[PDB]
Amino acid sequence: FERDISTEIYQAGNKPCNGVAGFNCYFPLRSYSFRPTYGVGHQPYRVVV
Amino acid sequence: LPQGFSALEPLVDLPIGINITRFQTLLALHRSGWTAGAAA
Amino acid sequence: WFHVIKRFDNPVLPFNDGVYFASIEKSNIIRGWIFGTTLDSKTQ
Ligand SMILES: *[C@@H]1O[C@H](CO)[C@@H](O)[C@H](O)[C@H]1NC(C)=O
């Protein structure tokens with residue numbers, strides 16, 4: 001039950017990213033991009049616990 | 001700190017859920033620099 | 001042990017599995033507390 005909303009740039013390698021994208025510097029968040037043409041496994045689902 | 005025994009009754013429970021690593025106290029300064037009381 | 005009287009010592013103390021806080025005081029100098037990780041606006 002831990003929520004993390006930090007937008008700091010992930011440091012994949014050892015070179016510092018300094019908040020900008022670069023070599024071994026990827027944004028921690030990706031987009032699902034839900035589409036009807038996608039497969040059943042890739043289809044969006046709403047989960048309530 | 002005096003001798004003796006005393007038990008602390010529960011006071012509050014909050015579902016805040018955030019990660020905690022550091023803390024700092026808060027003082028009530030009075031302007032009558034500044035003049036403040038003595039506390040420990 | 002910290003004393004306030006000038007004596008103005010409000011450092012950022014570390015947090016751990018728990019904290020025991022004691023205050024010998026009169027006239028309510030100590031008011032409240034702040035908790036967090038980076039103590040800035042970036043984190044909760
Ligand atoms: C809580 O925050 C501190 C300071 O940013 C960090 O070092 C620690 O890893 C965090 N806790 C978790 C479980 O990530």
Side-chain angles (χ1 to χ4, degrees):
Chain A
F1 302 130
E2 192 70 17
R3 165 199 284 104
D4 209 7
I5 53 171
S6 173
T7 61
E8 202 192 22
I9 290 285
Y10 182 83
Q11 181 190 349
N14 295 322
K15 300 180 176 181
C17 298
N18 288 340
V20 84
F23 182 78
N24 263 328
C25 286
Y26 322 119
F27 200 76
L29 314 178
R30 287 316 191 281
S31 180
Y32 264 111
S33 74
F34 292 134
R35 283 193 165 82
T37 46
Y38 281 22
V40 161
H42 313 264
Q43 272 165 36
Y45 276 77
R46 292 195 171 197
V47 182
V48 178
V49 181
Chain B
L1 284 184
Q3 313 313 115
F5 197 88
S6 106
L8 265 61
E9 300 166 18
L11 183 119
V12 126
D13 195 329
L14 325 190
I16 68 109
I18 94 178
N19 166 29
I20 300 267
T21 278
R22 282 139 62 193
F23 86 106
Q24 149 153 358
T25 165
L26 260 182
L27 299 180
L29 272 71
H30 292 289
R31 306 300 166 137
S32 310
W34 37 274
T35 69
Chain C
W1 179 8
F2 306 79
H3 216 129
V4 158
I5 196 171
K6 320 296 181 295
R7 282 273 275 142
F8 188 54
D9 41 354
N10 301 183
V12 155
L13 306 169
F15 209 83
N16 278 297
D17 304 327
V19 157
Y20 168 83
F21 202 91
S23 303
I24 296 208
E25 188 213 52
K26 198 173 43 200
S27 303
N28 178 246
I29 293 99
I30 318 149
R31 290 285 190 95
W33 296 273
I34 288 95
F35 300 85
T37 70
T38 63
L39 272 299
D40 79 319
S41 289
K42 191 55 186 63
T43 66
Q44 219 147 2

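Each chain gets a letter, A, B and so on, in the order the sequences are listed, and its residues count up from 1. Values below: all heavy atoms of this structure, side chains included; hydrogens, waters and symmetry mates excluded. Ligands are counted one by one from 1 in listed order, and the atoms in each one are counted from 1 as well.
Protein residues are said to neighbour a ligand when one of their heavy atoms lies under 4.0 Å from it; for ligand 1 these are B/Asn19, B/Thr21, C/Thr37.
Between A/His42 and A/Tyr38, the two ring planes are perpendicular [angle over 60°; tilted spans 30° to 60°].
No chain of hydrophobic side-chain contacts below 4.5 Å, direct or via other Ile, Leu, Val, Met, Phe, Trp or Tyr residues, connects A/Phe23 to A/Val20.
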Atom pairs and distances, donor-acceptor, side-chain atoms in residues 28-44 of chain C, under 3.5 Å, two or more places apart:
from	atom 1	to	atom 2	distance (Å)
C/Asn28	OD1	C/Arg31	NE	2.7
C/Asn28	ND2	C/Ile30	O	3.1
C/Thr37	OG1	C/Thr43	OG1	3.4
C/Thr38	OG1	C/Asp40	OD1	2.3
C/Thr38	OG1	C/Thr43	OG1	2.6
C/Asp40	OD1	C/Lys42	N	3.4
C/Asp40	OD2	C/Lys42	N	3.3
C/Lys42	NZ	A/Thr7	OG1	3.3

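A/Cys25 and A/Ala12 make their closest contact through N-CB, 4.4 Å (heavy atoms, listed as atom of the first residue, atom of the second, distance).
When side chains are defined from C-beta on, B/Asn19 counts as touching A/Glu2, because their heavy atoms get closer than 4.5 Å. No side-chain heavy atom of B/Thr25 sits less than 4.5 Å from a side-chain heavy atom of C/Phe2.
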